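Below: the structure, in structure tokens.
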Amino acid sequence: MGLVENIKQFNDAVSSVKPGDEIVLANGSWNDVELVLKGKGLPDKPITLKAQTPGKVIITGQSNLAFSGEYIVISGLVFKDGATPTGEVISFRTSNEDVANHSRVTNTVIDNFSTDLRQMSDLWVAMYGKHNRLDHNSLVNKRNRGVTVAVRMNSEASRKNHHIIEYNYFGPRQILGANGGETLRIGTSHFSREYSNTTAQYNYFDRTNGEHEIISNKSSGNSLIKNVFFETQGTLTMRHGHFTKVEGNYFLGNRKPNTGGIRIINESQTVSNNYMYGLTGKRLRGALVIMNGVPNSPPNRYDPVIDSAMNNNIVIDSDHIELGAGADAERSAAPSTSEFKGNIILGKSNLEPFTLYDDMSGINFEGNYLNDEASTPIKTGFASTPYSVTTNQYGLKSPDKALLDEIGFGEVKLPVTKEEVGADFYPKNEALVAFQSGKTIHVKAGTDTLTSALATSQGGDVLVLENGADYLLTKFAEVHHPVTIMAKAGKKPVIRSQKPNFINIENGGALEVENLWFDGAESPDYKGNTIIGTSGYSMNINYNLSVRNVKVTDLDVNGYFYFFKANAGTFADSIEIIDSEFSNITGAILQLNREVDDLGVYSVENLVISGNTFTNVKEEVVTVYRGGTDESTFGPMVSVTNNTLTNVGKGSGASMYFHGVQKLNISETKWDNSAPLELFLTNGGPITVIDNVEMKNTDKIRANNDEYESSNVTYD
Ligand SMILES: O=C[C@@H](O)[C@@H](O)CC(=O)C(=O)O
């Protein structure tokens with residue numbers, strides 16, 4: 001009815017609207033626009049805001065959309081490469097009192113509508129009101145904190161909403177390094193006993209790894225049904241609220257790390273007829289979890305599990321069923337009047353898949369099946385059955401037909417596929433370029449030849465330097481995309497710089513270095529120099545750093561000269577230091593700074609330090625620190641093997657410091673006249689094994705509790 005091409009025209013057409021009329025945004029870029037629409041349509045005659053050509057109306061910059069009234073439809077829009085100036089990108093309200101009812105947002109894309117600051121939280125879709133629908137939308141590349149889709153519950157007008165959220169595509173969500181990266185949140189703790197009655201169904205969660213809670217259910221009466229979770233880190237958690245129905249969901253973990261399933265807390269939960277495959281998560285992130293709760297819990301803790309059922313689920317090739325998880329002096333109430341019946345557990349990666357943290361007498365176990373090779377400590381309710389798992393018609397590892405029929409599961413088949421969800425006009429393209437997937441480029445010896453070669457390289461490229469040759473930098477060597485810098489086998493080239501940082505990983509960058517020699521003879525006379533650094537600003541794209549067969553010498557022109565220094569506000573999916581040699585360094589090897597707001601922030605997910613020698617380093621090799629009390633979130637995972645530290649950390653101090661690491665493995669490593677190893681084991685169960693280490697002329701391991709396992713610790 002009304003085609004508009006500028007904000008002025010838009011605001012005129014929506015100043016007065018009647019049932020049936022539509023406002024069309026003409027194709028093109030809509031930059032820095034705050035779209036507001038109020039009106040009252042009709043069941044047969046909605047008020048529609050639509051794109052001229054779905055995929056060709058690009059809302060960008062500092063933009064958002066807020067609407068209120070009745071029977072509004074919003075379709076075909078794209079929000080790409082911007083950030084909302086409010087708290088919400090698409091909002092089903094226009095003020096605290098004016099909400100949308102019986103309205104719909106469909107066939108719409110939000111693509112990287114992320115703040116440049118990774119620590120700032122917003123909501124991408126905020127649902128208010130009653131009887132709203134959110135369907136067939138694509139939400140991709142959320143790089144900051146916050147919830148992608150939230151159902152709000154802060155007033156009566158938004159409770160008992162019966163919203164429907166369905167057929168949406170939730171694309172990859174990088175690990176945040178902090179709390180609050182849920183994909184779907186239904187309610188909040190402050191209104192958690194209130195009823196929402198939301199249905200989320202037929203959605204596809206694709207590597208939505210923001211945090212441990214993929215779906216944070218925080219209100220009563222919801223149905224989370226018939227969704228697909230593909231290699232998703234974290235769980236579907238019934239965090240607060242009762243009378244949740246969780247059925248027909250398929251978790252395709254594929255043996256990826258930290259892949260969890262369904263966590264029951266609180267009352268009258270039904271978790272049945274779900275399918276799980278290849279889930280590796282443990283404890284609060286296990287494939288199936290039933291928590292202990294706090295008697296007379298405050299609304300923000302954990303209600304004891306009562307009147308709940310966990311039945312007729314299929315759990316294949318998964319590792320952890322955790323009953324009573326969280327049990328302690330506070331969470332002292334074990335599950336009661338609940339049942340665990342008719343489940344099929346077929347896995348061989350963990351032959352003792354159950355952990356019981358408390359008395360499970362309050363749970364009636366009946367009719368379950370567990371593969372011959374595995375055992376349960378529960379005396380009743382389980383029958384052993386052979387491990388028979390065959391890929392079926394729809395490409396899914398399935399139990400035998402006779403067991404399926406015995407529990408009335410039906411076919412093992414996805415309730416929805418990747419191809420049936422999201423906007424119909426927007427591709428689902430990978431956004432990450434792999435190391436060495438591009439061209440090999442020669443870098444001749446000399447001054448700023450590496451600088452120039454990087455400036456024109458592309459993601460995936462490999463810069464190959466001349467063996468034994470000299471390289472000098474007088475400018476920053478900036479890495480704007482995944483790149484490899486290396487020499488083929490033979491004599492290491494030597495790299496020097498007159499700048500305070502040799503190489504900086506910029507936002508979007510990631511770096512492999514192999515068979516290089518970095519030396520400090522040309523470095524400037526400043527404190528805080530480093531060989532490799534991050535960008536110096538918040539980087540809302542996680543980076544990666546791989547260092548293999550590298551030699552680093554004479555970082556001593558001034559104090560605090562580090563090998564690698566990540567500034568506050570950056571996050572590394574993986575840092576690997578392999579088979580490398582470091583000598584005469586006044587700083588730390590790895591300086592992993594943090595921007596402390598949430599005390600739970602951490603700056604690296606996976607750290608591997610293996611095959612190295614560290615000699616005459618005044619500061620530590622690495623401090624890995626996560627504060628706060630979140631037992632539930634990830635921790636860094638750290639592996640330290642086959643290294644030698646000679647005169648490290650003596651410039652009282654420590655040579656390595658690990659604090660709030662959820663998984664720490666140290667082995668085959670010798671300290672020689674170094675500061676001691678320092679540990680701090682946080683509440684929960686941080687897994688910590690230290691085997692075959694020699695502490696020659698080194699003080700005793702510094703720890704807070706004896707809570708770790710240790711074997712073969714020699715003190716010379
Ligand atoms: O804030 C801490 C959170 O871990 C918790 O309250 C909510 C949650 O996600 C959990 O316990 O796992």
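Ordering of the structure tokens sets the chain letters (A, B, ...), residue numbers begin anew at 1 in every chain, and ligands are numbered from 1 in the order given.
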
> Can you tell me which residues sit at most 10 Å away from ligand 1, counting only C-alpha atoms and all ligand atoms, written as number ranges by chain?
Replying inline: A: 179-182, 189, 211-218, 234-235, 237-240, 263, 265, 284-285, 300-302, 326, 598, 600, 628-634

Given only C-alpha atoms, how would the per-residue table for stretch 151-240 of chain A near stretch 92-96 of chain A read, listing every residue at most 12 Å away with its closest atom pair and distance in Å to one decimal, sorted by chain and number, as CSV?
```
residue,atom,partner,partner_atom,distance
A:151,CA,A:92,CA,9.8
A:152,CA,A:92,CA,9.7
A:153,CA,A:96,CA,11.7
A:154,CA,A:96,CA,9.2
A:155,CA,A:96,CA,8.7
A:156,CA,A:96,CA,11.4
A:157,CA,A:96,CA,10.0
A:158,CA,A:93,CA,10.0
A:163,CA,A:92,CA,11.4
```

Let's have the selection written as a CSV table (one decimal), in the first residue's frame, with N, CA, C and O atoms.
```csv
chain,number,residue,atom,x,y,z
A,151,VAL,N,12.1,-14.2,25.9
A,151,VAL,CA,10.7,-14.0,26.3
A,151,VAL,C,10.7,-13.3,27.6
A,151,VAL,O,11.1,-13.8,28.6
A,152,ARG,N,10.2,-12.1,27.6
A,152,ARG,CA,10.1,-11.3,28.8
A,152,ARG,C,8.9,-11.5,29.6
A,152,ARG,O,7.8,-11.9,29.1
A,153,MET,N,9.0,-11.3,31.0
A,153,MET,CA,8.0,-11.7,31.9
A,153,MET,C,7.9,-10.6,33.0
A,153,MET,O,7.4,-10.9,34.1
A,154,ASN,N,8.3,-9.4,32.7
A,154,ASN,CA,8.4,-8.4,33.7
A,154,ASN,C,7.1,-7.7,34.1
A,154,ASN,O,7.0,-6.9,35.0
A,155,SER,N,6.0,-8.0,33.3
A,155,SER,CA,4.7,-7.5,33.8
A,155,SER,C,3.6,-8.5,33.4
A,155,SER,O,3.8,-9.4,32.6
A,156,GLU,N,2.4,-8.3,34.0
A,156,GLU,CA,1.3,-9.2,33.7
A,156,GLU,C,1.0,-9.3,32.3
A,156,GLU,O,0.6,-10.3,31.7
A,157,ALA,N,1.1,-8.1,31.6
A,157,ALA,CA,0.8,-8.1,30.1
A,157,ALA,C,1.6,-9.1,29.3
A,157,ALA,O,1.2,-9.4,28.2
A,158,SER,N,2.8,-9.4,29.8
A,158,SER,CA,3.7,-10.4,29.0
A,158,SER,C,3.7,-11.8,29.6
A,158,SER,O,4.2,-12.7,28.9
A,163,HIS,N,3.3,-17.6,23.6
A,163,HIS,CA,4.1,-17.3,22.4
A,163,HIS,C,4.5,-18.6,21.7
A,163,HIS,O,4.7,-19.7,22.4
```

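Across A:693, A:469, A:305, A:441, the tightest approach to residue A:457 is made by A:441 when counting only C-alpha atoms.
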
> If you count only C-alpha atoms, which residues fall within 9 Å of residue A:506, apart from same-chain ones fewer than 3 positions away, as a VMD selection string?
Replying inline: chain A and resid 478 to 481 509 to 510 533 to 537 539 543

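Shortest atom-to-atom contact with residue A:178 among A:351, A:604, A:314, A:327: A:604, counting only C-alpha atoms.
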